[PDB]
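Taken one at a time, structure 1 and structure 2 that follow are two forms of one protein chain, written as structure tokens.
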Structure 1
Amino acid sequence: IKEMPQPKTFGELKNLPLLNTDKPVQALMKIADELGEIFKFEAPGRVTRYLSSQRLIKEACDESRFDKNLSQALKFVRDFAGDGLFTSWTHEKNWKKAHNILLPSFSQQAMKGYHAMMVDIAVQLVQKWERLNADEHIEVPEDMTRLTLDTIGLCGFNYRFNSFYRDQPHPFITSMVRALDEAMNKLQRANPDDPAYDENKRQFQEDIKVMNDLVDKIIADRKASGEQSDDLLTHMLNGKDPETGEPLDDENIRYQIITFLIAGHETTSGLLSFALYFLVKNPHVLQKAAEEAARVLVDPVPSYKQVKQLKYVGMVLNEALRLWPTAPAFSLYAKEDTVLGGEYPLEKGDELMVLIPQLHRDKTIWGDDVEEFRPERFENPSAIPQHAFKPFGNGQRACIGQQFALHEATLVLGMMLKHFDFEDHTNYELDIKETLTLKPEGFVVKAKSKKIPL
């Protein structure tokens, strides 16, 4: 039985002021570097324990001992995402119902069905970059957000955000980013009902209204339609849970649309941005990935099977998720009194935070070179110990979109590597913007066309 380390305190505010930063996850990573595999984090009225080692996280991921918790971040996101899949408790009827109804939308058959629509948006990205004039640059996270939002909109809902027709952000994206930024900024507030935050509350409610206006349109467009889609929205509106025999109700469907639009693009745009960052910073890796893209993508547009054959591109994406997992933490609660790691007694209800970027830097798992970008770590994924690589969370509450996101990202990165040479013309200094999720900010490159037609 050991005493846990704890970072510096601020009297009655305990550790809460450590979150007074626009980069809280990066601040918690530096605390983990200083304190090691576990530290206690106290705020007025609550406590959590941040885990960073595979040794402890393998126990936290035991579903007999621990269940998904709503972190403070997810309790704030639930103000607009409700009992959608991401912000529901495992014990809420609508979690297992929606899980059973929507999992078929991510089957191999469903994925083959989304492929043509993913290609539609990927081709729009390639055409945009082919059409740039001499010495014009690419705003990477901006174009990756255009691609990923359009992809989940079209594949999921047969709705065109038409992000490549806009030089300004879509109103949905402005409102979504401001809602996530507010949830993050609320983490540091000792007194969230201080009238100082009344303007924040008004702006938050307006941003929720903008997101719900978009959901209204997606639903109306579908119920009107004389087409026959068989997509994610078809399953939301028509699917029956085999267990209860019930379909989703209208209120829950609205929460699922909001959930899948946000979760289904924010994280994937981050991944593609980080992957391109690591490729331009590691030219031998870029060359190996470009050689694979040239060898495999022999047709004007990629087939489903060709994307499955881009092994090295997949390894690049996994290595980007290792260093900068774009949903960088998840929360658990103890189902019963238990002892963690033979050293740390927990009571029923006690909360843990898994700090995924730190798990992914565990030298006992990955070796001393953890900061190096080396896709070859994923040559045989079976070599990775249980619960060592967790960019998609854990168990029955793991990411439903994992295969969707990796297919989209592999297709798009494959086409990018086939069609262009890339230049880090500014020698960009990585700057990671936090909105609960992680993404490079201000990342620009130049693309030189290889002049290969579509």
Structure 2
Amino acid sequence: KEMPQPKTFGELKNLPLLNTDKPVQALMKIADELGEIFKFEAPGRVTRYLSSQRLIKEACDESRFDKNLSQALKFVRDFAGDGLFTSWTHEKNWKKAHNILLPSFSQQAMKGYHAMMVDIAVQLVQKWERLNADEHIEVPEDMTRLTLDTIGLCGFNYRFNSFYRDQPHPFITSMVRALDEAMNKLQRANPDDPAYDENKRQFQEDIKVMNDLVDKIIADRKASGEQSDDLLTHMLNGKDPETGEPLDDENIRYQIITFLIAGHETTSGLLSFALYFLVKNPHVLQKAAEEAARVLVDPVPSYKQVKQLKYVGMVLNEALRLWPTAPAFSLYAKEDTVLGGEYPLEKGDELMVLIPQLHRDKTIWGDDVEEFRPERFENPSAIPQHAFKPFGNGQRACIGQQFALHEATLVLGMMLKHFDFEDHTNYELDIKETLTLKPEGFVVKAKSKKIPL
């Protein structure tokens, strides 16, 4: 069977389709037109975009397919190195870091981070409490302040103090620009053309800024000797049970850079989309706010009370269904194989999983896929295998899933406890794409319910 393919541009093939500031959303539109699979070609490379649970469940078979570094991730690898996110499965440092860090990211480990997560969450609530009447909130911006601060504090005992600033930390200016430069190199023609001398000079300056600041944080912790229980202490002391080896300082830096990218980009988006959907669906907002008031009976929320917020968890999973903030991941065929009993693949052939389209698969979810209904995630066992993949697949799934969800559930619980929300502008959804998705310009007013902290 001949594989569907979108419109070509002569010798440039399909590559000019990505020359747009919303490539994922364009690929989603192409998927609606062409269906469950389509071919995508650029000069000297090819991949296949998958959109149905039927094909993606086979793609998620770890005996047949393994994580591939997409072109974007290969560019991100120039500053994320061989950290967990940008390393190949067969690289020694992946399995080492994975075995070392798994216990630090578990559900039990969240009991340890909870205190510091509340520290930052209280700073968000107090900011909003202290706004004057008729002032508004810039939601993505404020969620990013929170999520960046939380990973900095919980991870490496470093306070970015984003709620004390308008202009971001020097690390973040370099990190955001490096990610932008990684994204812009996908849409580019010729690399060594000296017209991009300033692009390369900035990118190398941004690498050095991230490396120097993070390497200083490693050396300062080593020289201190103090044992503040966090990601950095676990990495300096911990040993891989398999090889018996620790991570060296170069890899540790890459893991820290990786966690800062993660805790900045994806996690704030989840909270942003979640609040968007809540203000656009007042009955769902009502249910979640009712739970928050009933469950969060103390001024300082405990770990147990965050686990008790079941409906707030359902709200977040439905936000992850409609707009998964890390919307695509790449795979490659380990051997020759046949996908879906009709698409023969050779060893090394690549696949892209388009997660927003998987999450709109009508044969799994029904015909109302665009509606925001948290009741879909009432029973987690009711969701078929590989139907809901906002945190990726298998051994290369998101190590920060429990961190992200605990943080988002705590913060969204507290937000719903302490405020009523107004969509005062009648905000029209406008999704800006970088590494991740964000509702750009999403604003609300938060009127206080006047419950003390």
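Each residue is numbered by where it sits in the sequence of structure 1, with counting from 1. If you superpose the two forms and keep the largest set of C-alpha atoms that fall within 1.5 Å, you have the rigid core.
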Item to check | Mobile residue between the two structures, C-alpha criterion 2 Å or more, rigid core, from 82, 247, 169, 113 | outcome: 169
Next on the checklist: Taking 2 Å as the cut-off, check whether the CA of residue 127 shifts that much or more between the two structures after a rigid core fit.
Outcome noted: no
Checklist entry - Would you say residue 371 moves its Cα by 2 Å or more between the two structures, aligning on the core? => result no
Item to check | Large Cα shift (2 Å or above) at residue 95 between the two structures, core-fitted | outcome: no
Next on the checklist: Using a rigid core fit, what is the CA shift at residue 224 between the two structures, in angstrom?
Outcome noted: 4.3
Next on the checklist: Relative to the superposed core, report the C-alpha shift of residue 190 between the two structures in angstrom.
Outcome noted: 3.1
Checklist outcome for this item: In Å, the rigid core superposition gives a C-alpha shift for residue 339 between the two structures of 0.2
